[PDB]
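Below is one structure, written out as structure tokens; the observations come after it.
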Amino acid sequence: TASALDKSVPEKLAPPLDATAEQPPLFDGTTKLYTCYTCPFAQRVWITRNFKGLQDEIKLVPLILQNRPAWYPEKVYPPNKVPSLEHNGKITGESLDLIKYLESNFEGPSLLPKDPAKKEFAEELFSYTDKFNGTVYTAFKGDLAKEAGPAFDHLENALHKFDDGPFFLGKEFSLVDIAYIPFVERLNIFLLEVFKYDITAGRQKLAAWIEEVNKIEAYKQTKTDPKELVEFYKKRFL
Ligand SMILES: N[C@@H](CCC(=O)N[C@@H](CS)C(=O)NCC(=O)O)C(=O)O
Ligand SMILES: [Ca+2]
Ligand SMILES: [Ca+2]
Ligand SMILES: [Ca+2]
């Protein structure tokens, strides 16, 4: 199972750094993930780090984005977003590039299968990630079944492609599952609580997928506060 393959351990979390916090040594040879604990793009990299067993290797540097140290855009990462990864004398951004990079260049269990047909489907699903987010996050003011429905339907139908297991690529938990879960997690809570919309209604495979991803310790360790998420999304979109 995916849980058996998981190399994560329970982890103590340091408080996020505010505007006055000292800057961690830059390019001292220690690998660092600049992040924010509630950011779903960063959560992608967080889960990947955990699953591959890279927690000691990859130090977390969590920031309060609403009140972040100026040294971050000035001295670490000019695009001024999280996540970014400090490794091999550079700072690399883009959550999808980062989970791919952990998988191609770091130790730990595989998060991409070898099967060529699965590799191709993975690329299609990676490509669809911003269209998925684009569709649902712009649907809050309209008829949800018309506006957000087709995007969840796309995930439901994608899950019918490989019949050897409940994940997007079938049998094995992968980078694809990791790419989607932080957004499905938050969307599920927000839509149900605020709009009375159950994304799992009529989407059997999607429901199985959420349940199965949720058995994985690497993921559970990274989950955000439901109540805080709702207040945040009401303020952001309503
Ligand atoms: N396309 C980027 C987006 C990352 C991103 O937008 N992170 C947000 C947090 S949800 C952020 O750093 N926003 C703070 C800002 O823009 O100042 C990725 O996938 O890595
Ligand atoms: Ca390790
Ligand atoms: Ca099928
Ligand atoms: Ca399946």
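Order determines the names: the first chain of the structure tokens is A, the second B, and so forth; residues in each chain are numbered 1 upward, and ligands are numbered 1 upward as they are shown.
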
Restrict the calculation to only C-alpha atoms and all ligand atoms, then for each residue of chain A with any atom at most 9 Å from an atom of ligand 4 give the closest atom pair and their distance in Å to one decimal, rows by chain and rising residue number, as a tab-separated table.
residue	atom	partner	partner_atom_place_in_ligand_line	distance
A:158	CA	ligand 4	1 (Ca)	8.5
A:159	CA	ligand 4	1 (Ca)	5.1
A:160	CA	ligand 4	1 (Ca)	5.1
A:161	CA	ligand 4	1 (Ca)	6.4
A:162	CA	ligand 4	1 (Ca)	4.8
A:163	CA	ligand 4	1 (Ca)	4.0
A:164	CA	ligand 4	1 (Ca)	5.8
A:165	CA	ligand 4	1 (Ca)	4.6
A:166	CA	ligand 4	1 (Ca)	4.4
A:167	CA	ligand 4	1 (Ca)	6.1
A:168	CA	ligand 4	1 (Ca)	6.8
A:169	CA	ligand 4	1 (Ca)	7.5
A:170	CA	ligand 4	1 (Ca)	5.1
A:171	CA	ligand 4	1 (Ca)	7.7
A:205	CA	ligand 4	1 (Ca)	7.2
A:209	CA	ligand 4	1 (Ca)	8.7

Every residue of segment 12-57 of chain A that DSSP places in helix (DSSP H, G or I), as a ChimeraX atom specification: /A:40-51

Using only C-alpha atoms and all ligand atoms, which residues have at least one atom no more than 6 Å from ligand 2? Output them as a ChimeraX atom specification. /A:53-57

Just to be explicit: take each residue in the selection above, keep N, CA, C and O atoms, and write the result as a JSON list (two decimals), in the first residue's frame.
[["chain", "number", "residue", "atom", "x", "y", "z"],
["A", 53, "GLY", "N", 10.96, 10.56, 2.65],
["A", 53, "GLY", "CA", 11.76, 10.43, 3.85],
["A", 53, "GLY", "C", 12.85, 11.46, 3.89],
["A", 53, "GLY", "O", 13.93, 11.20, 4.41],
["A", 54, "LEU", "N", 12.58, 12.64, 3.33],
["A", 54, "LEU", "CA", 13.59, 13.70, 3.24],
["A", 54, "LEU", "C", 13.45, 14.81, 4.29],
["A", 54, "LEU", "O", 13.88, 15.94, 4.08],
["A", 55, "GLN", "N", 12.86, 14.49, 5.44],
["A", 55, "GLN", "CA", 12.59, 15.50, 6.46],
["A", 55, "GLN", "C", 13.86, 16.07, 7.11],
["A", 55, "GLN", "O", 13.95, 17.28, 7.33],
["A", 56, "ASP", "N", 14.84, 15.21, 7.39],
["A", 56, "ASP", "CA", 16.09, 15.71, 7.95],
["A", 56, "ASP", "C", 16.93, 16.43, 6.90],
["A", 56, "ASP", "O", 17.62, 17.39, 7.22],
["A", 57, "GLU", "N", 16.87, 15.94, 5.67],
["A", 57, "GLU", "CA", 17.61, 16.53, 4.55],
["A", 57, "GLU", "C", 17.14, 17.94, 4.18],
["A", 57, "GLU", "O", 17.96, 18.83, 3.90]]

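Of the listed residues A:31, A:38, A:127, A:84, the one whose atoms come nearest to residue 106 of chain A is A:31, with distances taken using only C-alpha atoms.
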
I'd like the neighbourhood of residue 10 of chain A as an NGL selection string, where a residue qualifies if any of its atoms comes within 10 Å (using only C-alpha atoms), though same-chain residues fewer than 3 positions away should be ignored. :A and (13 or 50 or 55 or 217-218 or 221)

Output for the residues just chosen: N, CA, C and O atoms as a PDB file, in the first residue's frame:
ATOM      1  N   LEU A  13       6.907  20.968  14.489  1.00  0.00           N
ATOM      2  CA  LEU A  13       6.869  22.130  13.598  1.00  0.00           C
ATOM      3  C   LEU A  13       7.304  23.402  14.322  1.00  0.00           C
ATOM      4  O   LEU A  13       6.762  23.731  15.374  1.00  0.00           O
ATOM      5  N   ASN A  50       8.053  14.619   2.845  1.00  0.00           N
ATOM      6  CA  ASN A  50       7.691  13.676   3.891  1.00  0.00           C
ATOM      7  C   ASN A  50       7.697  12.237   3.370  1.00  0.00           C
ATOM      8  O   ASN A  50       8.380  11.371   3.924  1.00  0.00           O
ATOM      9  N   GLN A  55      12.859  14.487   5.439  1.00  0.00           N
ATOM     10  CA  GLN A  55      12.594  15.502   6.458  1.00  0.00           C
ATOM     11  C   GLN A  55      13.857  16.070   7.109  1.00  0.00           C
ATOM     12  O   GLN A  55      13.950  17.281   7.335  1.00  0.00           O
ATOM     13  N   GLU A 217       0.228   8.921   6.036  1.00  0.00           N
ATOM     14  CA  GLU A 217       0.786   9.771   7.088  1.00  0.00           C
ATOM     15  C   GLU A 217       1.515  10.999   6.540  1.00  0.00           C
ATOM     16  O   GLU A 217       1.405  12.090   7.099  1.00  0.00           O
ATOM     17  N   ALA A 218       2.256  10.817   5.452  1.00  0.00           N
ATOM     18  CA  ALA A 218       3.001  11.917   4.850  1.00  0.00           C
ATOM     19  C   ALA A 218       2.064  13.086   4.538  1.00  0.00           C
ATOM     20  O   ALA A 218       2.418  14.248   4.737  1.00  0.00           O
ATOM     21  N   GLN A 221       0.008  14.707   8.097  1.00  0.00           N
ATOM     22  CA  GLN A 221       0.905  15.628   8.789  1.00  0.00           C
ATOM     23  C   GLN A 221       0.893  17.069   8.261  1.00  0.00           C
ATOM     24  O   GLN A 221       1.340  17.972   8.957  1.00  0.00           O
TER      25      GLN A 221
END

Taking only C-alpha atoms and all ligand atoms into account, name the residue in A:156, A:114, A:43, A:200 that is nearest to ligand 3. A:156
